[PDB]
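Examining the three-dimensional arrangement
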Amino acid sequence: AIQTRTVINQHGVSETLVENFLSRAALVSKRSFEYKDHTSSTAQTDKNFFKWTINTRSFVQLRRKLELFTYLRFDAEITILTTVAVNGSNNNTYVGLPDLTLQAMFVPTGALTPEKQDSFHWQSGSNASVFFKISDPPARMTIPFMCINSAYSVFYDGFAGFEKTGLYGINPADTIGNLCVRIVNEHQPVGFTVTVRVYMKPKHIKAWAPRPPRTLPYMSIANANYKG
Amino acid sequence: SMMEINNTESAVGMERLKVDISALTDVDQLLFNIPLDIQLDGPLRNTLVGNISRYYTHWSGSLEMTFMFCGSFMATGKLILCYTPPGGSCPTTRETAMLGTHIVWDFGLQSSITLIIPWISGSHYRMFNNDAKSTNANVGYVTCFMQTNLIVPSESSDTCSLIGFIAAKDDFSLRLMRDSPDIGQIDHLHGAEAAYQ
Amino acid sequence: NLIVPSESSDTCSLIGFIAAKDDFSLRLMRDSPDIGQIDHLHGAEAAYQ
Amino acid sequence: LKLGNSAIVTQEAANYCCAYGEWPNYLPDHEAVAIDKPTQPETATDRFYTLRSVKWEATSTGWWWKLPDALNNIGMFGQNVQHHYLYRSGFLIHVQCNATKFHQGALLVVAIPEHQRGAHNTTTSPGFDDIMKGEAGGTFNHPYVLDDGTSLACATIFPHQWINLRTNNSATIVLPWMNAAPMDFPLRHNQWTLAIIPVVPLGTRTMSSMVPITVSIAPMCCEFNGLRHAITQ
Amino acid sequence: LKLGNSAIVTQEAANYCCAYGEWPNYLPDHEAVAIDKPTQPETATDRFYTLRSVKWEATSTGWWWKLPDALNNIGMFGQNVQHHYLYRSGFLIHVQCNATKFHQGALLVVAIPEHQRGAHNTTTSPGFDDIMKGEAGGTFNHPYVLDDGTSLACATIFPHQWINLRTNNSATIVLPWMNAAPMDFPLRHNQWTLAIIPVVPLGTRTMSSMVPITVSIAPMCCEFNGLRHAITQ
Amino acid sequence: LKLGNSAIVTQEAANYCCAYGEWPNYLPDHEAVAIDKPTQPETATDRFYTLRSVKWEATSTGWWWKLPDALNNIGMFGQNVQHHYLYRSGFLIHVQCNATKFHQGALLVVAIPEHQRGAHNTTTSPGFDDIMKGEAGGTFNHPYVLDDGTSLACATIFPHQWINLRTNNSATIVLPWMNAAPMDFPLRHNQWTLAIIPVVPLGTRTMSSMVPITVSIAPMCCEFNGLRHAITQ
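Residues numbered from 1 in each chain as written, not as in the entry; some residues may be left out. Chains lettered and ligands numbered in written order. Part of a larger assembly, values for the part shown. Heavy atoms only, no water.

For this deposition, the record names cryo-EM as the technique by which the model was determined and cites 2.86 Å as its resolution.

Written out as structure tokens, the structure reads:
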């Protein structure tokens, strides 16, 4: 409980800009999908490819950073850092890590999200994809501003439609995309547990209607429910 | 932006943004003891400046902290606000509040009082080698004392309340952004693993 | 009738002042009989010592 | 005072809040790129729709009306809300309270852009019934958290006035359009959320003797989409 | 308001009393003939020292604080009073009371040059204890006589304001130096005597419900003698 | 001579050391970016604080006074050190010795920026007692190593004069502020360290007959932070 103070000169204003304040590539989604050779289709639509709808609410710190403002326009620079890991053992000297490539395909709104690693949506062509490898530097895609209105409603006081239930805060707009990452290679005899750690850096950031930050812990991505 | 002026832990939630002044709260009594430090528990926790500067390590500058009395129209009472510099002890009486830099705010005719604070400067320190002690700083206090008894008409409420705000001036500035520890990673949110589907 | 609210005091008080204008003037000074000679003051006969 | 509508509100001096410093306005060059036939600059819709006076007690916590949730199903605004798919309007929030000089209280009149309010201790989203309240509007079960997980102590960064009853009983927040959309559907969405939140409970020597908070809203520069379009030529 | 010190007092409109029509000032040509090294125009000493709020009841008679008796032993003024032999200062008397609009009372704020106050029915002089009271100050046992043998009915020829609670709750008397001496010792002497004297008792329908009289004093143009003198050359 | 303070030191011709070639100064444009309210250019604090004369023997090794360690707890500098959080001051080191013409000795007057002095054969850091010595100051247990692991043979690159008793008995080192900080806290830190180090023991035909080394320090351009700040407006 040591109490010390220092004098700070601190002649800067540009470090508190909104562009610098949200333009940090923070971890927005990460899971390890089991690519290891599936002779039997088990745990489908999540086993052999990485699917994640592009939303900033998945991780809490970065989430509370972007719901400091109501309306946001940014081109999300998506940096995809995939690290494979061989599950099991083969030998003791070197298991052999192949330079396998990945299709980090971006599936926007109105486009078919793939449901397996060998679906026909991977070869669509209309929805843009990058093909990058493990030995390559991580895939830096700067996706543009994907919203049919002019800002991302990180709060949407309303529903996606006048009917159904559970659409509060679900904009028919925003819905930035479905970041769908597979392995392009056909199944190796040895397996890899590849974790796709994708980082979003918002770029060309304009914020509107600034808000109080979130103070109690979050309970769900889709809503803003609270433990009061 | 308002502060959690009631430092009593019994008063939580709504009535911690306000302090009660009654006819039995007497003369020469410490009514609030707001410290001018950002990243420790107190009134300067869920404020705008405190929460935004919790995203940063260094937050040197000046704050513009504003109190309005929330009583009746003729709820008259002289009330002394004493601000103390970082170098000094916290005042406990009206007599030691008068010696420091202070203002006397009679809210009989003036509803909102406006305080300008010169050059508060605090930071986050990790000078210990890999200990992660999270060293804090004490760089000021704003206190309240009762110059006279608050008097009210008999038909009006005797327990007259008071709120306050805090803002910042142009010389306030932040540097070296960090992750704000207000909310930690819960890692079991109900909406999660649904975008992942 | 002087009327007041029920919460305020009914016995409301009144004071008054008096001053003078420039045309007020005095003449032919005298000894003021507000205080007479007491002739046995305690501080007296001490300057006389 | 406020004679620019079909309904007036007589009060004291205005002291308006230019909400984020800007006035309501119609579509500029954004009219050509948005949904066409937006021409109707509906002026009977600008009638000062006074909602029913919510009842300020000491035990009360707060009230809210979302701005398309309010003023729909009643009046010209409500009828054009049912007949029209999408709209744009700023709102002239006007908050009055017939509180005496002897009364005690502060009141955070705060208008919230996109008050995506959460539920209490349930992980499910709030639905049609507990979001689309209507004329009377909902009450803040937790006004300190603003029902959103945020803090009321920083609710003033939003467009706000302050009913400190010892100095003013009138609020005027002149809201702009406030949407990412140039024009948006009033059925499925709310652009604003007026929130009458007492940060001080109402104070009297009695059991917090009665004051009403009468809320009056006029949609300023209200602009719908045009049903009456010449589909020929 | 009153932002020229390190401590401010927020209040209504000023309405100051130029005490005998004159403002405080430092030593002019009188500096050369008086005690030398008076140079210190002490500005941290000008902090608005608010005394603790004396409690106005109907049964109360009055209060007084002599101006060097007050503000000594506390703050910069008190510390320089102990470290300094002699001084000169005008005083900005500021008297506030948080009295409601419903409250009833008049209050003679009167600042007395040389209130050589007598005792009651004893021929001895008052001493150290009953003259040098301090921060809280003494109470008028006979406010009609002003404890001096004079009359309160002519106390207004002194520099004075008037807290008629129906029209003002603020007093501002801007006292000059007020001594025969150009500079005088604060330990052994008082140049002024602030006197809060109710000529009307505090009136409420209750048992004279509570108002505090908060008294705030700033030493204006306060000038001590200099300890830090270059004794060389 | 040296008449610019409240206390003078009469001596021979000055022969000052412009320490690193520069004079003391106040805050320039650095005032706006540092901790605010630094306005006090404290001139009574500039009193020539003569420390008590340390006793030069042949068997003696040296003495040191850190410049905020000295002059604190005594005088205006000490009182403003306790009442003030942070400060800036250059120091006018003045070292005298009433040594006769017959006396023998050299004396390295050396002022050290940040004399982070180590302990002898213990790996622990020196603490409060063996760092914050005070008025009399500590003695060099190993003056050849300067208690820091450095060499006294290169101590002269620091701001230094030389009391060769056959040619001068006076030193004058005019130290600047000397900190990485524009203003720094005097309680927790020392910017300078005056070191009276005899590289020659005091020589007499007797048992090194008595000379005193009287050390006189004036804080030149001493500037604290202001407690008396107008917190209003």
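Topic: the overall build of chain C
Helix and strand counts for chain C stand at zero helices and zero strands. Summarising its shape, the C-alpha atoms of chain C cover approximately 65 × 35 × 15 Å along the three principal directions. Surface summary for chain C: the accessible area is close to 5300 Å², and the carbon and sulfur share equals 55%. (Helix = DSSP H or I, 4+ residues; strand = E, 2+ residues; numbered from the N terminus. Areas by Shrake-Rupley, 256 points an atom, 1.4 Å probe, with all protein chains shown as cover.)

Things to note about the overall build of chain A
Looking only at helices and strands, one finds two helices and nine strands in chain A. Each helix and strand of chain A, placed in order from N terminus to C terminus, yields the pattern α-β-β-α-β-β-β-β-β-β-β. Seen through its C-alpha atoms, chain A measures out along the principal axes to roughly 60 × 55 × 35 Å. Scored against the burial criterion, the 228 residues of chain A give a buried share of 50%. Nonlocal contacts in chain A, meaning residues at least 24 apart in sequence, comprise 78% of its contacts between residues at least 6 apart. Within the structure as shown, chain A displays about 10100 Å² of accessible surface, and the carbon and sulfur contribution to it stands at 55%. (Buried < 20%, exposed > 50% of the residue type's maximum accessible area, 1.4 Å probe, protein only. Contact = heavy atoms within 4.5 Å.)

Looking at the arrangement of the chains
Where the 11 pairs of chains in contact are concerned, the greatest contact count is recorded for chains B and E. With no contact formed, the shortest span from any C-alpha in chain C to any C-alpha in chain F equals 35 Å. With no contact formed, the shortest span from any C-alpha in chain D to any C-alpha in chain F equals 20 Å.

Description of helix α1 (residues 75-83) of chain E
The complete set of buried residues in α1(E) reads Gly75(E), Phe77(E), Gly78(E), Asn80(E) and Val81(E). Buried positions along α1(E) lie against α2 (94-99) of chain B together with β2 (49-56), β4 (87-97) and β9 (211-224) of chain E.

Some thoughts on the interface of chain E and chain B
Contacts between the two partners involve 45 residues from chain E and, on the opposite side, 47 residues from chain B. Across the interface of chain E and chain B, roughly 3100 Å² is buried in total on both sides, 59% from carbon and sulfur atoms. Ranking the residues of chain E by area buried against chain B places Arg47(E), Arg52(E) and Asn98(E) at the top, with a combined share of 25%. With a shortest N-O distance of 3.3 Å, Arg52(E) and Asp28(B) are connected by a salt bridge. At the junction of chain E and chain B, the tally comes to 47 residue pairs in polar contact. Contributions of two or more residues to the side of chain E that touches chain B are made by β2, α1, β4 and β9 of chain E. By residue class, the composition of the side of chain E that touches chain B is 22 nonpolar, 17 polar and six charged. (Buried area = accessible area lost by both parts, 1.4 Å probe. Salt bridge = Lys/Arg side-chain N within 4 Å of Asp/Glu carboxyl O. Polar contact = N/O pair within 3.5 Å; in protein donor to acceptor, adjacent residues only side chain to side chain. Nonpolar A, V, L, I, M, F, W, Y, C, P; charged D, E, K, R; others polar.)

As for the packing of aromatic side chains
In total, this model carries 35 aromatic pairs over all chains according to the counting rule given. Geometrically, the ring pair formed by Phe159(A) and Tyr168(A) is tilted, given 5.4 Å between the ring centres and 45° between the ring planes. The buried category is assigned to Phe159(A), whose relative accessible area is 4%. Between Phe77(D) and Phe91(D) the ring centres are 6.2 Å apart and the planes differ by 65°, which places this aromatic pair in the edge-to-face class. One end of the pair, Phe77(D), is in helix α1 (residues 75-83); the other, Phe91(D), is in strand β4 (residues 87-97), and 14 residues separate them in sequence. (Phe/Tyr/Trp six-rings, centres within 6.5 Å; stacked < 30°, edge-to-face > 60°.)

Observations concerning the layout of surface pockets
There is about 1300 Å³ of room inside the largest pocket. As for the largest pocket, its lining consists of 45 residues, of which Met76(E), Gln79(E), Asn80(E), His83(F) and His84(F) are closest to the centre. Grouping the constituent residues of the lining of the largest pocket by class yields 12 nonpolar, 27 polar and six charged. Put simply, the second largest pocket is a space of about 890 Å³. The wall of the second largest pocket is formed by 32 residues, among which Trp177(D), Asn179(D), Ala180(D), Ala181(D) and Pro182(D) lie closest to the centre. Taken together, the residues that form the lining of the second largest pocket break down as 22 nonpolar, six polar and four charged. (1 Å grid on protein atoms, 1.4 Å probe; cavity = no way out; pocket = protein on both sides within 12 Å on 5 of 7 lines; lining within 4 Å. Points joined across faces, edges and corners; volume = space filled by probe spheres on them.)

Considerations on the sheet that holds strand β4 (residues 63-70) of chain B
All names here are of chain B. Within the open sheet, the four strands sit side by side as β1-β9-β4-β7. Their pairing is antiparallel. Edge positions in the open sheet fall to β1 (19-21) and β7 (112-116), since each of these has one partner strand only. Strand-to-strand twist across the sheet, computed as the mean angle between neighbouring axes with direction ignored, equals 25°. The sheet contact formed by β1 and strand β9 (residues 160-168) spans three bridges and is antiparallel. What sits directly across from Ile 21, in β9, is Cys 160. (Pairing = 2+ DSSP bridges. Axes fitted to C-alpha atoms, helices over the stretch in contact; angles between N-to-C directions.)

Considerations on the nonpolar core
The biggest cluster of nonpolar side chains holds 145 residues, and the ones touching the most others in it are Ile80(A), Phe32(B) and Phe67(B). Sort the elements by how many residues they give to this core and β9(E) lands first, with eight residues. Counting 43 residues, the second-largest nonpolar core is a separate cluster that includes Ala19(D), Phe77(D), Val95(D) and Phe224(D). (Core = buried A, V, L, I, M, F, W, Y, C linked by side-chain atoms within 4.5 Å.)

Focus on the environment of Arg166(E)
All names here are of chain E. Relative to the elements of secondary structure, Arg 166 occurs in the loop between β6 (160-162) and β7 (170-175). By relative accessible area, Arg 166 is classed as exposed at 72%. Taking C-alpha positions, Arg 166 is 6.6 Å from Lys 101, a pair spaced 65 residues apart along the chain.

Some thoughts on unusual backbone geometry
Phi at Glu45(C) is positive, roughly 60°, even though this residue is not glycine. Note on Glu45(C): relative accessible area 57%, which makes it exposed. Unlike most non-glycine residues, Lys37(E) shows phi in positive territory, near 50°. If you trace the backbone, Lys37(E) turns up in the loop between β1 (17-18) and β2.

With respect to the environment of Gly90(F)
All names here are of chain F. With respect to the helices, strands and loops of the structure, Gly 90 is situated in strand β4 (residues 87-97). Looking at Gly 90, the relative accessible area reads 2%, which means it is buried. A C-alpha to C-alpha distance of 9.3 Å links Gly 90 and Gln 191, two positions 101 residues apart in sequence. Setting aside chain neighbours within four positions, we find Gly 90 in contact with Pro 24, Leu 175, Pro 176, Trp 177, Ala 218, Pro 219, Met 220 and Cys 221.

Re the state of the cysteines
Considering all chains together, one arrives at zero disulfides over all chains under this definition. Left unpaired, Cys90(B) is separated from the closest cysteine sulfur, that of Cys82(B), by 7.7 Å. (Disulfide = S-S within 2.5 Å.)

Some details on empty space enclosed by the protein
As enumerated under the stated definition, the model contains four cavities of 30 Å³ or more in all. There is about 70 Å³ of room inside the largest cavity. Around the largest cavity, the lining residues are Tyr83(B), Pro85(B), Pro86(B), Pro118(B), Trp119(B), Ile35(F), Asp36(F), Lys37(F), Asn225(F), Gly226(F) and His229(F). Looking at side-chain class alone, the lining of the largest cavity contains six nonpolar, three polar and two charged residues.

Some remarks on the sheet that holds strand β5 (residues 108-111) of chain D
Residues and elements named next belong to chain D. The four strands lie next to each other as β3-β8-β5-β6, forming an open sheet whose pairing is antiparallel. The open sheet terminates on both sides in strands that have one partner only, identified here as β3 (63-66) and β6 (160-162). Going from strand to strand, the sheet's axes swing by 10° on average, the running direction of each strand aside. Relative to strand β8 (residues 193-197), β3 runs antiparallel, the two being bridged by four bridges. Looking across to β8, one finds that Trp 63 is bridged to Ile 196.

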